[PDB]
Structures are given as structure tokens and as C-alpha cells.
Amino acid sequence: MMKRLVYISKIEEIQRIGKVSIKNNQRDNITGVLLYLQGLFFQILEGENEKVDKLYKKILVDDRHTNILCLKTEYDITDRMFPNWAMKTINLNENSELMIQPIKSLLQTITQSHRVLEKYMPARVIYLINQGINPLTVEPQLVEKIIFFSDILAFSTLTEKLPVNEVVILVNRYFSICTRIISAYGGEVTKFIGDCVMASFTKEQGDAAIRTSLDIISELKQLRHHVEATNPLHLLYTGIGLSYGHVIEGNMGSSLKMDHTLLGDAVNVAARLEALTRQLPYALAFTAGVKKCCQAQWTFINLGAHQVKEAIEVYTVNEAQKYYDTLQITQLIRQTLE
Amino acid sequence: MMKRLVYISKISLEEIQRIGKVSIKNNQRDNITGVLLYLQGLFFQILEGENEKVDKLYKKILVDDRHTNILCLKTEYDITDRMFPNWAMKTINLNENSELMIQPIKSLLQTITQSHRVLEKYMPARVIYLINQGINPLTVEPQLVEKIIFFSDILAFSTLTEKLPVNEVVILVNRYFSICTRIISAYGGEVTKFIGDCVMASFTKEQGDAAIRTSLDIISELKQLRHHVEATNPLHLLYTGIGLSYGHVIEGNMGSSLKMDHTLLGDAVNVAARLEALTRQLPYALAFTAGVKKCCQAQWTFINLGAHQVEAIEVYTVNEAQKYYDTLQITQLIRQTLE
Ligand SMILES: Cc1cc2nc3c(=O)[nH]c(=O)nc-3n(C[C@H](O)[C@H](O)[C@H](O)COP(=O)(O)O)c2cc1C
Ligand SMILES: Cc1cc2nc3c(=O)[nH]c(=O)nc-3n(C[C@H](O)[C@H](O)[C@H](O)COP(=O)(O)O)c2cc1C
């Protein structure tokens with residue numbers, strides 16, 4: 001019982017790789033091809049499922065290539081695609097045969113475009129593709145999730161005073177910090193909504209959601225004093241709202257336009273809790289449901305009941321206390337660029 | 001000096017070899033050369049020649065019956081040498097080539113291509129437009145542009161998600177997105193993203209009339225949809241409210257290397273979303289700002305809804321958007337239906 005997987009990755013040393021591959025693939029009864037064109041890697045692997053997943057696990061951690069996307073996984077294949085090739089390496093760059101020049105140039109234009117599109121896809125969708133699962137045909141399921149929401153404090157004022165490029169530098173720097181921190185703790189960013197970041201966590205990731213929130217506030221606090229006063233990054237603040245509940249996670253839309261979205265009351269609650277941090281001396285606020293997903297011991301602070309558009313309990317942690325004032329900031333932002 | 005463009009498309013031998021006959025004859029009288037390759041129901045074509053000769057030719061290929069979902073991937077300008085000087089139009093049937101050496105390239109081309117096709121469906125319409133124009137969307141700078149922000153969402157959606165089984169909520173939301181995306185695109189709008197049950201789109205400042213007709217068409221097609229199905233279908237309960245605004249917004253792609261997204265930043269984006277919720281409290285399913293009103297040339301029968309705290313802004317609508325129903329009785333009827 002064998003399987004076949006195909007992946008692309010971003011890059012004489014290659015000849016050393018192919019010879020080591022022929023050595024190990026024979027020993028592991030693995031067949032397949034490695035093709036490379038214009039600094040790109042294309043490899044097809046096939047063999048028994050145990051020995052293949054053992055091999056692919058090594059190649060994912062290889063130094064020489066990165067941006068490794070597994071496009072297709074075949075299970076229970078009937079016949080080997082290349083039964084005689086332990087690991088045939090094909091340098092498409094050196095191939096000057098004029099009957100393959102179109103297909104070779106088409107394999108580049110489509111692959112270059114395919115990587116550009118990958119950077120816009122939702123994180124969950126890319127995960128589904130790496131697992132050999134067709135994202136269009138995955139039944140949306142009801143799952144218990146922690147909803148994350150973070151946006152820039154007083155962003156309306158910042159668009160008024162700053163020129164366009166400084167606003168874009170700022171918004172990009174904010175998204176970059178959020179995504180890297182969220183992804184590092186295991187959270188899945190769903191989409192950017194204006195200046196708002198939306199992510200989710202599994203119900204066992206209550207501590208990671210709180211720690212992600214604290215780490216984002218920390219990385220922004222460092223950035224503000226790490227740069228000069230004229231740098232617009234000196235004005236970057238955030239508030240974060242978390243919520244727990246059941247949501248429908250899946251792919252909605254038409255064949256024309258499709259997206260990955262979460263449907264549920266908790267989505268709006270986390271968004272409304274986030275906007276509440278403008279009126280609290282805490283850059284973080286979450287429901288009691290998030291509080292009950294946390295195994296670790298936090299010094300939880302009760303902020304009372306608040307009416308969210310009946311009133312729910314709102315909490316925070318002692319680490320997330322603001323040293324500044326929300327009004328002091330909107331003034332010091334307006335007056336800095338005044 | 002010539003231009004060269006590449007595109008993929010989807011199929012709708014003797015019927016196809018005929019395309020080679022007609023095209024070879026014209027490509028020489030047009031001083032055009034290129035290759036046409038097809039594999040597992042997909043079309044690939046490269047072209048080159050004087051710009052005027054290619055622009056007029058690609059316009060004919062764009063409206064051809066025998067293929068659909070055409071996407072131009074690459075476009076190079078100011079080239080010296082033709083990549084294929086010998087062939088006015090050489091067809092290649094990769095489904096009928098099995099030289100051993102070509103098998104890896106062939107299997108890789110269909111896989112990468114299918115995957116590419118899937119990714120397009122998730123791409124924002126604006127990113128696809130930049131790809132069609134041959135412009136790398138990753139290197140484009142965001143700019144301040146004047147837009148009409150479109151906002152619409154499903155009425156009483158919190159009630160439906162509670163009463164309906166999960167698989168039935170999906171059908172309703174898919175159908176709603178399907179109707180909105182179809183109408184918004186047909187009027188020259190760009191769906192920018194779905195936000196839960198919410199649809200956000202944008203129209204240029206010359207499309208004020210297209211923005212209103214888009215909103216009335218969506219209300220019309222849902223009203224038609226409601227009485228087209230049975231009363232036990234979830235679609236019998238699908239209503240909508242729409243809000244529009246006009247203002248300067250920063251349109252452009254943003255994000256890190258990990259995640260990129262095309263988004264709109266501006267005061268008007270929030271102003272539009274507040275109007276879509278204001279329709280709950282109005283006898284009209286549509287509500288737009290006075291800025292949208294000045295983008296319309298058609299003699300609309302505008303209705304003034306006064307100023308509204310959001311400092312206050314003027315709210316307008318058209319008589320065609322009048323709700324033939326009470327909004328509050330609808331939220332009651334939806335509950336007492338699935339109850
Ligand atoms: C593009 C690429 C293709 C590779 N192909 C193979 C392969 O076909 N077979 C294989 O065993 N390893 C392959 N590798 C990875 C190396 O085998 C692996 O990183 C290393 O040789 C581990 O060897 P070791 O067992 O001595 O520790 C590939 C790596 C890259 C970057
Ligand atoms: C996939 C495809 C590729 C085509 N490529 C060319 C082409 O390269 N040159 C050309 O003259 N016609 C090409 N055609 C034909 C045009 O679609 C058009 O129908 C044809 O030029 C009709 O010629 P007419 O203007 O005399 O009616 C192509 C058609 C298809 C379906």
C-alpha cells in the first residue's frame with residue numbers, strides 16, 4: 001500500500017542532493033523525480049506510506065530549500081509513476097530542446113503566479129492543501145474556538161494626519177507583528193478587516209491566546225521607544241478582545257468568489273470586547289469562556305458586566321494594564337503630528 | 001517591437017484542429033506567432049506580435065464560445081526577439097505525448113495548474129484584475145482613491161444560526177454570497193471580502209447608478225427567491241439590508257510575507273457599515289450617504305431620511321427600496337417559523 005506526493009519549494013550542489021537521494025531511495029524503495037527551473041524545486045515522491053512520510057519529514061527541515069508547499073497527495077496508488085527512477089534529477093534550465101521550451105516556459109509562468117497567490121490565501125486553506133485535502137469540498141463544521149480581535153488605537157486620527165505611505169508602513173508593520181506572533185503560538189489568522197486582525201484558537205489554547213495578546217502589546221511597546229519620534233511607528237498602539245464559543249468554520253461563497261470565514265455570536269463578542277478596551281485601563285479584555293480555557297494560573301481582574309450589542313462578564317490580566325491613558329494617547333497622537 | 005502575453009483557460013481533435021486552421025492563416029497576415037497547448041481540458045496559449053495586432057486578436061479570443069474562465073497570467077512589453085519565430089500557431093496536444101522525459105513536466109503542469117485555478121477563487125477581484133493587466137500585485141503601492149463602499153448582510157442571522165442545523169446555515173450563506181457576487185460583478189463592482197455573513201464591495205465614483213441598481217437587484221433576487229421555494233426551505237427566510245457610502249479610502253495590498261491581503265482603509269468604510277445596520281430601523285432596505293447621491297446621473301426618486309448620529313450625516317434612499325414588510329415582524333416570524 002503506497003502513496004505519491006508532489007511539492008514545490010523555493011531554493012552542482014543539486015547534483016550532490018540527487019546522488020544522496022539515489023542512495024537513500026533505493027534503500028527505502030522510493031521512486032520519483034526532482035525537477036528544478038529558475039530557482040524552484042519540483043519533486044514527486046512515491047513509496048510505502050511509512051517510508052515516504054519519514055522521508056518528507058526530513059526534507060521539510062532541509063536547509064537548501066524553503067517555502068515548501070505540498071500541492072497534491074495521492075493515497076493507495078495502483079502503479080508507480082516512475083518505477084525505474086530511484087530519484088531522477090532534471091535540470092530544465094539546461095534543456096534547450098525547442099519542443100519543450102513552451103511547456104518549460106509555461107511551467108514557470110504558472111508556478112511563479114501560483115506562489116504569488118499563496119500569500120493571499122487564508123492560513124487554514126493552505127493547511128488543507130498541504131494535507132492533500134480539497135478546500136472547495138470540505139464540509140464546514142461546528143467547532144469550539146477562541147475568537148481573537150485586535151485593531152489599532154485611534155486609527156481614524158492617524159489616517160487624517162499622516163500621508164498615505166506612512167499609514168501603509170504603519171498598518172503593514174502592525175499586521176506583520178500580529179501574524180508572526182499569532183502563528184508562532186498556533187493561532188490561525190482568518191482575515192484582515194481594515195486595521196483589524198482576526199484570528200482563532202482551539203479550546204485548549206486559552207493560555208496561548210492570552211500570551212499572544214500580551215506578546216503583541218509587548219512588541220508594540222518596544223517598537224515605540226526603539227524608533228525616533230518622527231517615525232510614525234512611535235504612535236502605534238493596540239487593543240485586543242478575546243471570546244469563546246461555538247462557530248461554523250468552513251469555506252463559504254460561490255464558484256466565482258470563495259473565502260474562509262467563521263460564523264457565530266462569539267465573533268461579534270470578541271469584536272465588541274476589543275472596542276471596549278478604549279474605555280478601560282487594560283489593553284486586553286476577554287469573556288469568562290476564554291478564562292475557563294486556561295490551565296495556567298493568571299491574576300484575573302474582573303471589570304464587571306458590560307452591555308454588548310444581557311450584559312456579560314468581562315475579564316483581563318494584571319500583565320495587560322496600561323501605563324498610559326487612552327485620552328493622553330489620542331492627544332499625544334494628534335499633537336505629535338500637529 | 002512587440003508584446004507577448006500568456007494565459008490559461010478552461011475548455012467548454014477535429015473540432016480543435018480547426019482552430020489551428022483558422023488561427024494559422026490569420027496569425028501570419030497579422031504578423032503574430034505563438035503556441036496553443038491543451039492538457040486535461042485546459043487551454044494554454046502564448047502570443048507575440050505588434051501590440052495593435054495582439055490587442056485586437058486577444059479581444060476575439062476573449063469572447064470565444066469554446067472556452068471560459070480565461071485568465072491572462074503574464075504580459076511582457078518592449079521585447080526584441082520572438083520566443084517562437086517559426087510558428088504562426090503551433091498546436092500541442094499534451095494528452096497524447098508520453099515520451100518518458102516529458103512525463104514529470106506534464107504531470108507537474110496539470111497539478112500546478114489545477115491548484116492555481118483553485119487559488120483564483122479565493123483571490124480578491126482586484127488582485128485578479130491586476131494579474132490580467134500583467135502587473136505584479138505584490139509590488140503595487142497602495143494609493144488614495146475615491147470609492148463607493150458597499151455593505152450588506154443577512155437580516156436576523158443570529159436567530160438562523162441557533163435554530164438551523166449547521167449544514168442548512170451553510171446552504172443559505174453560500175446562496176446569499178452567490179447572489180451578491182454575481183450581481184456585484186455584473187455591474188462592474190469588486191467584491192473585496194466576506195466578513196462572516198457580510199459582503200463588502202466597492203464601486204468607482206462613476207458607478208453611483210451601478211451601485212444603486214446592484215442594491216435593488218439583490219433585494220429583488222432575494223424577494224424572488226423567497227417565494228420561489230417552499231415555506232419549509234431555509235431560503236424562505238433570507239432577507240437583506242444594504243448600506244452605501246462615498247469617500248476617500250486607501251486601496252492596496254497590505255501584510256507581511258506570511259499573509260497578504262487587499263483591503264480598503266478609510267472613514268467611509270465604517271460609515272457604510274453603520275448604514276447597513278441602520279436599515280433595521282427604517283422602512284427601506286437600502287440607505288446611502290449624500291456623497292453617493294452625487295455620483296448618480298440617473299433621475300432617481302431620492303427620499304431624504306434626515307441626519308443621523310454615527311457630526312451627523314445625511315441619509316438617502318430610493319422609493320424602489322421600500323420594504324413591503326415590517327422589519328420587526330420579520331425577526332419575529334423567522335423565530336416563530338423555525339420554532
Ligand atoms: C529539493 C530536495 C530534494 C530532496 N530529495 C530527496 C530524495 O529524493 N531522497 C532523500 O532521501 N532525500 C532527499 N532530500 C533531502 C536529503 O536526503 C536529506 O536532507 C539528507 O540527505 C538527510 O540525510 P541523512 O540520512 O544522512 O541524515 C531532498 C532535499 C531537497 C532540498
Ligand atoms: C483557444 C483559441 C485560440 C485562438 N487563437 C487564435 C489566434 O491565435 N489567431 C486567430 O486569428 N484566431 C484565433 N482563434 C479564433 C478566434 O476565436 C476567432 O473565432 C477567429 O479568429 C474567427 O475569425 P473571423 O474574425 O474571420 O470570424 C482562437 C480561438 C480559440 C478558441
# chains A, B, ... in the order shown; residues from 1 in each chain; ligands from 1
$ residues_around --residues "residue 103 of chain B" --least-positions-apart "4" --cutoff "12 Å" --atoms "only C-alpha atoms" --output "list in words"
residues 32, 33, 35, 44, 81, 82, 88, 90, 100 and 103 of chain A; 94, 95, 96, 97, 98, 99, 107, 108, 109 and 110 of chain B
$ residues_around --residues "segment 295-311 of chain B" --least-positions-apart "4" --cutoff "9 Å" --atoms "only C-alpha atoms" --output "PyMOL selection string"
chain B and resi 148+205-212+246+271+274+282+287+291+315-320
$ residues_around --residues "residue 150 of chain A" --least-positions-apart "4" --cutoff "8 Å" --atoms "only C-alpha atoms" --output "compact mmCIF listing (two decimals) with C-alpha atoms, in the first residue's frame"
# COMPACT_ATOMS: atom_id res chain seq x y z
CA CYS A 196 -8.42 44.90 12.49
CA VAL A 197 -6.77 41.49 12.85
CA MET A 198 -8.99 38.44 13.33
CA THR A 238 -3.45 48.27 20.07
CA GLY A 239 -6.38 46.86 21.96
CA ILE A 240 -7.29 43.18 21.95
CA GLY A 241 -10.53 41.33 22.60
CA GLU A 274 -11.97 44.73 21.79
$ residues_around --residues "residue 142 of chain A" --least-positions-apart "5" --cutoff "12 Å" --atoms "only C-alpha atoms" --output "PyMOL selection string"
(chain A and resi 245-250+262-264) or (chain B and resi 161-162+165-167+169-170)
$ write_last_selection --atoms "N, CA and C atoms" --output "PDB file, in the first residue's frame"
ATOM      1  N   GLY A 245     -16.669  30.388  22.260  1.00  0.00           N
ATOM      2  CA  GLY A 245     -17.984  29.956  21.833  1.00  0.00           C
ATOM      3  C   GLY A 245     -17.891  28.991  20.672  1.00  0.00           C
ATOM      4  N   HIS A 246     -19.064  28.539  20.229  1.00  0.00           N
ATOM      5  CA  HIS A 246     -19.162  27.654  19.076  1.00  0.00           C
ATOM      6  C   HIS A 246     -19.316  28.490  17.811  1.00  0.00           C
ATOM      7  N   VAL A 247     -18.574  28.122  16.764  1.00  0.00           N
ATOM      8  CA  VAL A 247     -18.645  28.804  15.478  1.00  0.00           C
ATOM      9  C   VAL A 247     -18.677  27.767  14.364  1.00  0.00           C
ATOM     10  N   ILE A 248     -19.212  28.181  13.218  1.00  0.00           N
ATOM     11  CA  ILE A 248     -19.145  27.387  11.996  1.00  0.00           C
ATOM     12  C   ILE A 248     -17.918  27.847  11.219  1.00  0.00           C
ATOM     13  N   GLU A 249     -16.916  26.977  11.121  1.00  0.00           N
ATOM     14  CA  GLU A 249     -15.697  27.260  10.379  1.00  0.00           C
ATOM     15  C   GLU A 249     -15.698  26.460   9.086  1.00  0.00           C
ATOM     16  N   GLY A 250     -15.552  27.156   7.967  1.00  0.00           N
ATOM     17  CA  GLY A 250     -15.533  26.486   6.684  1.00  0.00           C
ATOM     18  C   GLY A 250     -15.425  27.490   5.560  1.00  0.00           C
ATOM     19  N   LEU A 262     -15.662  32.520   9.588  1.00  0.00           N
ATOM     20  CA  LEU A 262     -16.222  31.955  10.809  1.00  0.00           C
ATOM     21  C   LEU A 262     -17.565  32.620  11.081  1.00  0.00           C
ATOM     22  N   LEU A 263     -18.582  31.810  11.357  1.00  0.00           N
ATOM     23  CA  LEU A 263     -19.926  32.293  11.644  1.00  0.00           C
ATOM     24  C   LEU A 263     -20.266  32.002  13.099  1.00  0.00           C
ATOM     25  N   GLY A 264     -20.648  33.038  13.841  1.00  0.00           N
ATOM     26  CA  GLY A 264     -21.041  32.835  15.222  1.00  0.00           C
ATOM     27  C   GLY A 264     -21.183  34.095  16.051  1.00  0.00           C
TER      28      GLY A 264
ATOM     29  N   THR B 161     -28.725  30.980  12.869  1.00  0.00           N
ATOM     30  CA  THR B 161     -27.625  30.109  13.275  1.00  0.00           C
ATOM     31  C   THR B 161     -27.988  29.265  14.488  1.00  0.00           C
ATOM     32  N   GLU B 162     -28.916  29.741  15.319  1.00  0.00           N
ATOM     33  CA  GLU B 162     -29.297  28.992  16.512  1.00  0.00           C
ATOM     34  C   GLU B 162     -30.303  27.893  16.193  1.00  0.00           C
ATOM     35  N   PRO B 165     -29.873  23.542  11.688  1.00  0.00           N
ATOM     36  CA  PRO B 165     -28.690  22.676  11.690  1.00  0.00           C
ATOM     37  C   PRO B 165     -27.561  23.310  10.893  1.00  0.00           C
ATOM     38  N   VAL B 166     -26.332  22.907  11.230  1.00  0.00           N
ATOM     39  CA  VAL B 166     -25.150  23.548  10.662  1.00  0.00           C
ATOM     40  C   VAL B 166     -25.155  23.451   9.140  1.00  0.00           C
ATOM     41  N   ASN B 167     -25.503  22.282   8.601  1.00  0.00           N
ATOM     42  CA  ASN B 167     -25.454  22.099   7.154  1.00  0.00           C
ATOM     43  C   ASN B 167     -26.447  22.995   6.422  1.00  0.00           C
ATOM     44  N   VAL B 169     -27.459  26.162   7.547  1.00  0.00           N
ATOM     45  CA  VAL B 169     -26.950  27.528   7.583  1.00  0.00           C
ATOM     46  C   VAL B 169     -25.955  27.741   6.451  1.00  0.00           C
ATOM     47  N   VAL B 170     -25.168  26.707   6.134  1.00  0.00           N
ATOM     48  CA  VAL B 170     -24.157  26.812   5.085  1.00  0.00           C
ATOM     49  C   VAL B 170     -24.813  27.057   3.731  1.00  0.00           C
TER      50      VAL B 170
END
$ residues_around --residues "residue 217 of chain A" --least-positions-apart "4" --cutoff "8 Å" --atoms "only C-alpha atoms" --output "ChimeraX atom specification"
/A:213,221,237-238,283,320
$ residues_near_ligand --ligand "ligand 1" --cutoff "8 Å" --atoms "only C-alpha atoms and all ligand atoms" --output "ChimeraX atom specification"
/A:9,11,14,17-18,20-25,30-34,41-43,45,55-56,58-65,86-87
$ write_last_selection --atoms "C-alpha atoms" --output "mmCIF file, in the first residue's frame"
data_model
loop_
_atom_site.group_PDB
_atom_site.id
_atom_site.type_symbol
_atom_site.label_atom_id
_atom_site.label_comp_id
_atom_site.auth_asym_id
_atom_site.auth_seq_id
_atom_site.Cartn_x
_atom_site.Cartn_y
_atom_site.Cartn_z
ATOM 1 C CA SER A 9 9.828 24.681 -2.859
ATOM 2 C CA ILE A 11 15.674 27.464 -3.416
ATOM 3 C CA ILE A 14 21.935 19.978 -6.537
ATOM 4 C CA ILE A 17 21.496 16.155 -3.474
ATOM 5 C CA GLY A 18 20.440 13.852 -6.302
ATOM 6 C CA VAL A 20 22.380 11.188 -1.948
ATOM 7 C CA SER A 21 18.741 10.782 -2.994
ATOM 8 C CA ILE A 22 19.527 7.821 -5.269
ATOM 9 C CA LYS A 23 21.456 6.210 -2.405
ATOM 10 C CA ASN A 24 18.634 6.525 0.133
ATOM 11 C CA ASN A 25 15.666 5.954 -2.192
ATOM 12 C CA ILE A 30 11.230 5.199 -3.018
ATOM 13 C CA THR A 31 10.897 6.328 -6.629
ATOM 14 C CA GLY A 32 10.311 9.749 -8.113
ATOM 15 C CA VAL A 33 11.768 12.831 -9.793
ATOM 16 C CA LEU A 34 13.331 16.127 -8.762
ATOM 17 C CA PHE A 41 12.210 22.861 -6.832
ATOM 18 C CA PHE A 42 9.645 20.308 -8.024
ATOM 19 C CA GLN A 43 9.765 16.832 -6.501
ATOM 20 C CA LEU A 45 7.839 11.085 -4.257
ATOM 21 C CA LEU A 55 11.425 10.970 4.051
ATOM 22 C CA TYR A 56 9.189 14.016 3.593
ATOM 23 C CA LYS A 58 13.442 15.057 6.640
ATOM 24 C CA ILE A 59 13.094 17.218 3.525
ATOM 25 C CA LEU A 60 10.827 19.746 5.259
ATOM 26 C CA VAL A 61 13.717 20.589 7.608
ATOM 27 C CA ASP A 62 16.354 20.749 4.862
ATOM 28 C CA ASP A 63 18.456 23.911 4.714
ATOM 29 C CA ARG A 64 18.676 24.222 0.944
ATOM 30 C CA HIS A 65 15.022 24.946 0.152
ATOM 31 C CA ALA A 86 15.137 5.967 -7.759
ATOM 32 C CA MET A 87 15.433 9.763 -7.955
#
$ closest_atom_pairs --of "chain A" --to "chain B" --cutoff "6 Å" --atoms "only C-alpha atoms" --output "tab-separated table"
residue	atom	partner	partner_atom	distance
A:107	CA	B:109	CA	5.9
A:114	CA	B:116	CA	5.4
A:119	CA	B:260	CA	5.3
A:120	CA	B:260	CA	4.7
A:172	CA	B:255	CA	5.0
A:175	CA	B:255	CA	5.5
A:176	CA	B:256	CA	4.7
A:194	CA	B:265	CA	5.4
A:252	CA	B:174	CA	5.4
A:253	CA	B:174	CA	4.6
A:254	CA	B:178	CA	4.6
A:257	CA	B:121	CA	5.0
A:258	CA	B:122	CA	4.8
A:259	CA	B:122	CA	5.4
A:261	CA	B:196	CA	5.7
A:262	CA	B:196	CA	5.8
A:263	CA	B:196	CA	5.4
$ residues_near_ligand --ligand "ligand 2" --cutoff "10 Å" --atoms "only C-alpha atoms and all ligand atoms" --output "PyMOL selection string"
chain B and resi 7-12+16+18-30+32-38+42-48+53-54+56-68+70+88-91
$ write_last_selection --atoms "N, CA and C atoms" --output "short mmCIF file (atom, residue, chain, number, x, y, z; two decimals), in the first residue's frame"
data_model
loop_
_atom_site.label_atom_id
_atom_site.label_comp_id
_atom_site.auth_asym_id
_atom_site.auth_seq_id
_atom_site.Cartn_x
_atom_site.Cartn_y
_atom_site.Cartn_z
N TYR B 7 -1.74 33.02 -21.21
CA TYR B 7 -2.98 32.85 -20.47
C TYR B 7 -3.35 31.37 -20.40
N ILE B 8 -4.13 31.04 -19.38
CA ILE B 8 -4.74 29.73 -19.23
C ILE B 8 -6.25 29.91 -19.34
N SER B 9 -6.94 28.83 -19.71
CA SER B 9 -8.40 28.87 -19.79
C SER B 9 -8.93 27.44 -19.75
N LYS B 10 -10.26 27.34 -19.64
CA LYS B 10 -10.96 26.07 -19.49
C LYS B 10 -11.76 25.76 -20.75
N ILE B 11 -11.76 24.49 -21.14
CA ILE B 11 -12.45 24.05 -22.35
C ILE B 11 -13.95 23.99 -22.09
N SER B 12 -14.73 24.47 -23.06
CA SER B 12 -16.19 24.33 -23.00
C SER B 12 -16.62 22.97 -23.53
N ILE B 16 -10.96 20.89 -32.64
CA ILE B 16 -9.88 21.73 -32.13
C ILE B 16 -8.81 21.97 -33.20
N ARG B 18 -9.41 22.43 -36.14
CA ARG B 18 -9.96 23.51 -36.95
C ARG B 18 -9.54 24.87 -36.44
N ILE B 19 -9.41 25.02 -35.12
CA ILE B 19 -8.91 26.27 -34.55
C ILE B 19 -7.49 26.53 -35.03
N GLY B 20 -6.69 25.47 -35.16
CA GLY B 20 -5.36 25.62 -35.72
C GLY B 20 -5.38 26.08 -37.17
N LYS B 21 -6.40 25.67 -37.93
CA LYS B 21 -6.50 26.08 -39.32
C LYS B 21 -6.76 27.58 -39.42
N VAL B 22 -7.83 28.05 -38.76
CA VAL B 22 -8.21 29.46 -38.85
C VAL B 22 -7.11 30.35 -38.29
N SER B 23 -6.52 29.96 -37.16
CA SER B 23 -5.57 30.83 -36.47
C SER B 23 -4.25 30.94 -37.21
N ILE B 24 -3.78 29.84 -37.81
CA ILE B 24 -2.52 29.87 -38.56
C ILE B 24 -2.63 30.85 -39.72
N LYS B 25 -3.79 30.90 -40.37
CA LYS B 25 -3.96 31.77 -41.53
C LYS B 25 -3.96 33.24 -41.12
N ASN B 26 -4.60 33.57 -40.00
CA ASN B 26 -4.68 34.97 -39.59
C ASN B 26 -3.39 35.44 -38.93
N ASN B 27 -2.77 34.59 -38.10
CA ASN B 27 -1.57 34.98 -37.37
C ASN B 27 -0.44 35.42 -38.29
N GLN B 28 -0.39 34.92 -39.52
CA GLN B 28 0.65 35.35 -40.45
C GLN B 28 0.31 36.69 -41.09
N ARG B 29 -0.94 36.88 -41.51
CA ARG B 29 -1.37 38.17 -42.03
C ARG B 29 -1.39 39.24 -40.95
N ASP B 30 -1.41 38.84 -39.68
CA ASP B 30 -1.30 39.75 -38.55
C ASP B 30 0.11 39.82 -37.99
N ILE B 32 1.67 37.59 -36.31
CA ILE B 32 1.55 37.07 -34.96
C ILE B 32 2.07 35.64 -34.94
N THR B 33 2.78 35.29 -33.86
CA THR B 33 3.27 33.94 -33.66
C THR B 33 2.94 33.50 -32.24
N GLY B 34 2.90 32.19 -32.03
CA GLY B 34 2.63 31.67 -30.71
C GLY B 34 2.35 30.19 -30.72
N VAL B 35 2.04 29.68 -29.53
CA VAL B 35 1.79 28.26 -29.32
C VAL B 35 0.45 28.11 -28.60
N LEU B 36 -0.30 27.06 -28.95
CA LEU B 36 -1.52 26.69 -28.25
C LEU B 36 -1.37 25.26 -27.75
N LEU B 37 -1.38 25.09 -26.43
CA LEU B 37 -1.25 23.79 -25.81
C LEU B 37 -2.47 23.52 -24.94
N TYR B 38 -2.93 22.27 -24.94
CA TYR B 38 -4.05 21.88 -24.10
C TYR B 38 -3.77 20.52 -23.47
N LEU B 42 -7.72 21.87 -20.29
CA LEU B 42 -7.23 23.21 -20.03
C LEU B 42 -6.53 23.74 -21.27
N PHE B 43 -6.61 25.05 -21.48
CA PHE B 43 -6.00 25.71 -22.63
C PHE B 43 -4.85 26.59 -22.17
N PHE B 44 -3.71 26.47 -22.84
CA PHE B 44 -2.57 27.36 -22.64
C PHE B 44 -2.19 27.96 -23.98
N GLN B 45 -1.95 29.27 -24.01
CA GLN B 45 -1.55 29.91 -25.25
C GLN B 45 -0.60 31.07 -24.98
N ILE B 46 0.48 31.11 -25.75
CA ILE B 46 1.40 32.24 -25.78
C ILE B 46 1.24 32.92 -27.13
N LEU B 47 1.41 34.24 -27.14
CA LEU B 47 1.23 35.04 -28.35
C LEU B 47 2.27 36.15 -28.37
N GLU B 48 2.56 36.64 -29.58
CA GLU B 48 3.52 37.72 -29.75
C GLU B 48 3.32 38.37 -31.11
N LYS B 53 -1.90 44.44 -33.21
CA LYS B 53 -2.30 43.14 -33.75
C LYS B 53 -2.70 42.17 -32.65
N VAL B 54 -2.07 42.26 -31.48
CA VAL B 54 -2.38 41.33 -30.40
C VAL B 54 -3.60 41.79 -29.62
N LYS B 56 -6.20 43.42 -30.66
CA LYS B 56 -7.42 43.10 -31.40
C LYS B 56 -7.66 41.60 -31.48
N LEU B 57 -6.59 40.80 -31.48
CA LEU B 57 -6.74 39.36 -31.53
C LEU B 57 -7.22 38.81 -30.19
N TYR B 58 -6.61 39.26 -29.09
CA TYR B 58 -7.00 38.77 -27.77
C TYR B 58 -8.44 39.14 -27.45
N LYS B 59 -8.94 40.23 -28.04
CA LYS B 59 -10.34 40.59 -27.82
C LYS B 59 -11.28 39.59 -28.48
N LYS B 60 -10.87 38.98 -29.59
CA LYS B 60 -11.69 37.94 -30.21
C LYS B 60 -11.61 36.64 -29.41
N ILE B 61 -10.41 36.26 -28.97
CA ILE B 61 -10.25 35.07 -28.15
C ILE B 61 -11.01 35.20 -26.84
N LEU B 62 -11.12 36.42 -26.32
CA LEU B 62 -11.80 36.61 -25.03
C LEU B 62 -13.28 36.27 -25.10
N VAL B 63 -13.91 36.49 -26.25
CA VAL B 63 -15.35 36.27 -26.40
C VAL B 63 -15.66 34.96 -27.13
N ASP B 64 -14.68 34.07 -27.24
CA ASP B 64 -14.90 32.82 -27.96
C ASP B 64 -15.81 31.89 -27.17
N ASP B 65 -16.61 31.11 -27.91
CA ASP B 65 -17.57 30.22 -27.28
C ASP B 65 -16.88 29.03 -26.62
N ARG B 66 -15.85 28.49 -27.26
CA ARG B 66 -15.32 27.17 -26.93
C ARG B 66 -14.45 27.15 -25.68
N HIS B 67 -14.28 28.28 -24.99
CA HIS B 67 -13.53 28.28 -23.74
C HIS B 67 -14.10 29.35 -22.81
N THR B 68 -13.83 29.17 -21.51
CA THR B 68 -14.36 30.06 -20.49
C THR B 68 -13.35 30.18 -19.35
N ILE B 70 -11.15 32.65 -18.67
CA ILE B 70 -9.85 32.99 -19.25
C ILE B 70 -9.12 33.93 -18.30
N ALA B 88 3.43 30.44 -36.70
CA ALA B 88 2.30 31.35 -36.58
C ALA B 88 1.35 30.87 -35.49
N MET B 89 1.08 29.56 -35.42
CA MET B 89 0.27 28.99 -34.35
C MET B 89 0.40 27.48 -34.37
N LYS B 90 1.25 26.94 -33.50
CA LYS B 90 1.51 25.51 -33.42
C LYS B 90 0.74 24.92 -32.25
N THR B 91 -0.12 23.95 -32.54
CA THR B 91 -0.88 23.26 -31.51
C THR B 91 -0.06 22.11 -30.93
#
$ closest_residue --among "B:41, B:85, B:49, B:283" --to "residue 327 of chain B" --atoms "only C-alpha atoms"
B:283
$ select_by_dssp --residues "segment 81-263 of chain A" --states "strand (DSSP E or B)" --output "JSON, numbers by chain"
{"A": [88, 89, 90, 91, 141, 142, 143, 144, 145, 146, 147, 148, 149, 150, 151, 152, 188, 189, 190, 191, 192, 193, 196, 197, 198, 199, 200, 201, 202, 238, 239, 240, 241, 242, 243, 244, 245, 246, 247, 248, 249, 250, 251, 252, 253, 258, 259, 260, 261, 262, 263]}
